[PDB]
Amino acid sequence: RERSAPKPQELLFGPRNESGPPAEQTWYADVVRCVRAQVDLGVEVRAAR
Amino acid sequence: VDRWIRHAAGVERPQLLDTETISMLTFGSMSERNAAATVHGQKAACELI
Amino acid sequence: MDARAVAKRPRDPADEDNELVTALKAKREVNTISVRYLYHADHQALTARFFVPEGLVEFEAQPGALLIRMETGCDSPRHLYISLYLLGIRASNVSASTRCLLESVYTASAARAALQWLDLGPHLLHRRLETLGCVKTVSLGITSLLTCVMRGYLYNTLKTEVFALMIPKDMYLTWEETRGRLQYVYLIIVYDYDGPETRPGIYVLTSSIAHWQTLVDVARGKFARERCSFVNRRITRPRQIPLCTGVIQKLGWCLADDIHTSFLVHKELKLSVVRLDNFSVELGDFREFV
Amino acid sequence: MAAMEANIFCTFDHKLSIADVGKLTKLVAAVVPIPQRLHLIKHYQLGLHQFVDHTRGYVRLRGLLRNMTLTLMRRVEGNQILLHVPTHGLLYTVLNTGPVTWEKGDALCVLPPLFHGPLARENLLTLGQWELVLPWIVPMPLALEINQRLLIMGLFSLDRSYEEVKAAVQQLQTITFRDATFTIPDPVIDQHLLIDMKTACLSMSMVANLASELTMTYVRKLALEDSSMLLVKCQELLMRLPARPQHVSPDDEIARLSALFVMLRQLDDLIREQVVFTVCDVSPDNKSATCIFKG
Amino acid sequence: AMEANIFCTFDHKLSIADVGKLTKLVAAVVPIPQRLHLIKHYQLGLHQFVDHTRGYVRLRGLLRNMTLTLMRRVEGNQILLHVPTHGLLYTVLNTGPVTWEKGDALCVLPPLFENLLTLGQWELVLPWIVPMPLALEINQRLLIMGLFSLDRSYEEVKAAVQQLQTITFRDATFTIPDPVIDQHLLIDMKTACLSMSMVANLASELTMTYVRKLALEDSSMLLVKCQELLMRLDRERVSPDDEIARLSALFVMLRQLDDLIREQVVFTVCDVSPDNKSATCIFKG
């Protein structure tokens, strides 16, 4: 992530654009419901921007 | 330092239109002027290693 | 003028002698050349000749493809002739697998320069590009020769076989479930303004609609999200001057029964395309809709 | 497999009289629309009467006619009519159906028919509760004025009360063109026109926003020291309330005015019809003309 | 085997040198006013249309109404013009100041500038053939210079007009004429500029009511954002008969500007010689 923008030289020749991070992130979550006092604590969830 | 070296060496500071010309130059372009007179034939390029 | 001459049937190039035959008949001389029947004599299609660098010719080694002229402001070659398949590598309307395949296949030196020129300038794709119809021969080399039709039925020299036009599957779009026996095919470019880049989409659209107003109506109906993105960027970021959430160009008429789905192979890599055999080219210019 | 026909034969199946085939012969070289193209078709599909419905919305008929295909009539004979589809750019002869006068050098458009005078001419093959209602070929200014008045009336229908709308509609229903006058039949406001209203108002607000300071201030500045009838009319239309220009930037200004140019084009396309015909010299009786088919 | 042709007879006598001068234009474009069969030489070109009060945009409109023709061989006492038909291909002479490339799109513009042969009360002038992007750029720049005509006294406006006046293209750097003379505007330019400025002005104060009324119903929901944009513009700064007249004025003013809004795509080009003055192209309506 701490990389300078490639010069036109590197883009034209040799390796293709090096793969970046994916948008699909993985999160772990707790959800609590107040209408009936009960909680869920071991959730796994997908996230995106 | 660049100004001093280019002034003492005898080569003009290169300038090329916008950024896109550098990709065109890398694709290929004849880009230096023919000499005034040539009693001898082509300037035989010497490479120095 | 006389009545018999007026009433006489029209002149018949079908069996009347060709000009060279007339001259050689006149002097009573014979060259070794097979002078009698001229090839391409009955050709109605208007043909152009184009030279292209060796890197771009891939996927054109198979006859039939859209040939696009792109601009570059440099003093050295101002225009570069690009293929529709390569243009998909820039579009956001291509699946990751297909874009990866196209990125792997076209990794020749010349192709990446065109990709740099496509997005190194401020202007959108709309102002940069222009369409040249369909390409139909190969002659390989360090520089290759292409021949291309700009008002045409698409055929081999002897007309021994019709040549189809292939479109990549991800770009192909239909806006009706039933097809009339005649339908036109258009080139469609739409822009996403919500992202930081002006991210372009590339589409090819087949429709039984010939009148511009209703086609634009349906287009604005289907592309509502993209139109909302244009309005959102206009309101959000002043002193910016966006324009034309989408543009249209008319390119083709075809008989709907002809459409087929087919696979295309090059460099022993496999691509998915849609195919139109009995195709013809009619060319209009780009036009803007908002 | 399929082949796109260019010569179309239409066969009647009603036991026609001599007067019917006589009136058919009068219609030679006119223009008729067809919804689908085949070598042999039934008369029920020919003409505009098949589409009319009790709502009779004019905008619906215009939109439907835009999608249709246009053909010319040739070699009328007994109960078998030959229709020839035109090829773009060729030179054709045509006999005008409606009463609108033509002029040389202008363009023509296709529109559904209009209410004119006593409404006398409906003699066109009225048979078995079916009739041959032909479309009108009219010059560009009349068609543009018709579309303009329909759209303006639709816009005025909003933000106004019922009786104000009625008065405005009764005014806008009329049109004057080249010493002739015509009345628009059933210009009822409908959801088809609402789509046009939405897109037109969006484009109009966009041209309002994109306009720069100099473009807006030009008219008000020119009124300071110029004077003409055109200027006084233009000023009277506008609301009523030197200095160095606030900002000067030809690059940003040219980009803005190009965007405004595109937006004005988009607003204009709402009323511009497809330019079907470009005309050449016309017979002095105004009945028939030589034209080139475009679009 | 003859084909369709237009015959033109030069009413004034032509010397041999004048005919040799004219023959160099073998396949140049020539506009004619009406599609007659035997036309008189006064009708050729755009000389009869030029005027001292009427401006450039009037010439553009008249050229749009004009019929385009192509030239054929000049011979004894007569010259032949061939009227093109759509979707055949023809040879044209690049009289324009801009070189062409394969696949360029072309359109016809009224001229702005050896010279061509003249007679006692006559000169021969031909329109320009220009690629479409440059035609857009030149029309935009000339119209915008029409706008600055009112403020010319201040030096900022003079510098901006000079900067707008110069145009650059592929190995072309010519200058276009200033659309003002004696600090006054030619009347057609005044009408076009006033029409654009008015159609800009009318929309600013007319759209708000109709937009806010339609906001209640839009399921496409971007019209509400349009309303918000107009309200932000407001932050940046009646009897029904007057309303209906204002709407009519808006649309008639828009139609007046339609003279300049759309471009006729006359030609598309096939490969060109190093004699680049000459090129081949396909005619389009």
# chains A, B, ... in the order shown; residues from 1 in each chain; ligands from 1
$ closest_atom_pairs --of "chain B" --to "chain A" --cutoff "9 Å" --atoms "only C-alpha atoms" --output "JSON lines"
{"residue": "B:22", "atom": "CA", "partner": "A:8", "partner_atom": "CA", "distance": 7.8}
{"residue": "B:23", "atom": "CA", "partner": "A:8", "partner_atom": "CA", "distance": 6.8}
{"residue": "B:26", "atom": "CA", "partner": "A:9", "partner_atom": "CA", "distance": 7.9}
$ select_by_dssp --residues "stretch 30-98 of chain C" --states "alpha helix (DSSP H)" --output "ChimeraX atom specification"
/C:84-87,96-98
$ interface_residues --of "chain D" --to "chain E" --cutoff "7 Å" --atoms "only C-alpha atoms" --output "PDB file with C-alpha atoms, in the first residue's frame"
ATOM      1  CA  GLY D  89     -31.109   8.427 -50.535  1.00  0.00           C
ATOM      2  CA  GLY D 105     -36.311  23.403 -50.443  1.00  0.00           C
ATOM      3  CA  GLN D 148     -44.265  22.505 -29.272  1.00  0.00           C
ATOM      4  CA  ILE D 152     -46.353  23.415 -23.737  1.00  0.00           C
ATOM      5  CA  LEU D 158     -49.681  21.331 -14.074  1.00  0.00           C
ATOM      6  CA  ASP D 159     -49.863  24.067 -11.414  1.00  0.00           C
ATOM      7  CA  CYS D 201     -38.081  19.679 -17.424  1.00  0.00           C
ATOM      8  CA  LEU D 202     -34.918  17.836 -16.376  1.00  0.00           C
ATOM      9  CA  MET D 204     -34.484  22.631 -18.994  1.00  0.00           C
ATOM     10  CA  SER D 205     -33.271  22.797 -15.400  1.00  0.00           C
ATOM     11  CA  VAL D 207     -29.578  24.217 -19.164  1.00  0.00           C
ATOM     12  CA  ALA D 208     -30.578  26.682 -16.442  1.00  0.00           C
ATOM     13  CA  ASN D 209     -27.839  25.424 -14.115  1.00  0.00           C
ATOM     14  CA  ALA D 211     -25.519  28.653 -17.976  1.00  0.00           C
ATOM     15  CA  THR D 215     -24.458  34.134 -20.900  1.00  0.00           C
ATOM     16  CA  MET D 216     -27.146  35.132 -18.394  1.00  0.00           C
ATOM     17  CA  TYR D 218     -25.647  39.247 -21.915  1.00  0.00           C
ATOM     18  CA  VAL D 219     -29.305  40.100 -22.593  1.00  0.00           C
ATOM     19  CA  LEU D 237     -41.046  38.768 -22.165  1.00  0.00           C
ATOM     20  CA  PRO D 250     -12.235  31.063 -21.893  1.00  0.00           C
ATOM     21  CA  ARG D 265     -29.579  19.592 -28.201  1.00  0.00           C
TER      22      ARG D 265
END
$ closest_atom_pairs --of "chain C" --to "chain A" --cutoff "9 Å" --atoms "only C-alpha atoms" --output "CSV"
residue,atom,partner,partner_atom,distance
C:103,CA,A:16,CA,8.3
C:104,CA,A:16,CA,8.6
C:107,CA,A:16,CA,8.1
C:108,CA,A:13,CA,8.7
C:109,CA,A:12,CA,6.5
C:110,CA,A:12,CA,8.4
C:111,CA,A:12,CA,8.7
C:112,CA,A:12,CA,5.6
C:113,CA,A:12,CA,6.3
C:116,CA,A:8,CA,8.1
$ closest_residue --among "B:47, B:2, B:17, B:11" --to "residue B:32" --atoms "only C-alpha atoms"
B:11
$ residues_around --residues "residue D:165" --least-positions-apart "4" --cutoff "10 Å" --atoms "only C-alpha atoms" --output "PyMOL selection string"
(chain D and resi 153-154+156-161+169-171) or (chain E and resi 240)
$ write_last_selection --atoms "N, CA, C and O atoms" --output "CSV table (one decimal), in the first residue's frame"
chain,number,residue,atom,x,y,z
D,153,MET,N,-48.7,22.8,-23.7
D,153,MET,CA,-50.0,22.6,-23.1
D,153,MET,C,-49.9,21.6,-21.9
D,153,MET,O,-50.5,21.8,-20.9
D,154,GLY,N,-49.2,20.5,-22.2
D,154,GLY,CA,-49.0,19.5,-21.1
D,154,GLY,C,-48.3,20.1,-19.9
D,154,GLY,O,-48.7,19.9,-18.7
D,156,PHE,N,-48.3,23.3,-19.0
D,156,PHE,CA,-49.3,24.2,-18.4
D,156,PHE,C,-50.4,23.5,-17.6
D,156,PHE,O,-50.9,24.1,-16.7
D,157,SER,N,-50.7,22.3,-18.0
D,157,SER,CA,-51.7,21.6,-17.3
D,157,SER,C,-51.4,21.4,-15.8
D,157,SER,O,-52.3,21.4,-14.9
D,158,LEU,N,-50.1,21.3,-15.5
D,158,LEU,CA,-49.7,21.3,-14.1
D,158,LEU,C,-49.7,22.7,-13.5
D,158,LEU,O,-49.6,23.7,-14.2
D,159,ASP,N,-49.9,22.8,-12.2
D,159,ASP,CA,-49.9,24.1,-11.4
D,159,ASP,C,-51.0,25.0,-11.8
D,159,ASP,O,-51.0,26.2,-11.5
D,160,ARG,N,-52.0,24.5,-12.5
D,160,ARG,CA,-53.2,25.3,-12.9
D,160,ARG,C,-54.5,24.6,-12.6
D,160,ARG,O,-54.5,23.3,-12.5
D,161,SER,N,-55.5,25.4,-12.4
D,161,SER,CA,-56.9,24.8,-12.1
D,161,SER,C,-57.6,24.4,-13.4
D,161,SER,O,-57.1,24.6,-14.5
D,169,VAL,N,-56.1,25.2,-23.2
D,169,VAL,CA,-56.2,24.1,-24.1
D,169,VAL,C,-57.0,24.5,-25.3
D,169,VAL,O,-56.6,24.3,-26.5
D,170,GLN,N,-58.1,25.2,-25.1
D,170,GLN,CA,-58.9,25.6,-26.3
D,170,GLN,C,-58.2,26.6,-27.1
D,170,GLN,O,-58.4,26.7,-28.3
D,171,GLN,N,-57.3,27.4,-26.5
D,171,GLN,CA,-56.4,28.3,-27.3
D,171,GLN,C,-55.4,27.5,-28.1
D,171,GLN,O,-55.2,27.7,-29.3
E,240,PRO,N,-52.2,33.6,-16.4
E,240,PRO,CA,-51.8,32.5,-17.3
E,240,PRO,C,-51.4,32.8,-18.7
E,240,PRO,O,-50.6,32.1,-19.3
$ select_by_dssp --residues "stretch 37-273 of chain E" --states "strand (DSSP E or B)" --output "PyMOL selection string"
chain E and resi 38-40+67-74+78-82+89-93+105-109+118+123+128-131+166+169+172+175+180-181+184-185+267-272
$ residues_around --residues "residue A:25" --least-positions-apart "3" --cutoff "7 Å" --atoms "only C-alpha atoms" --output "ChimeraX atom specification"
/A:46-48
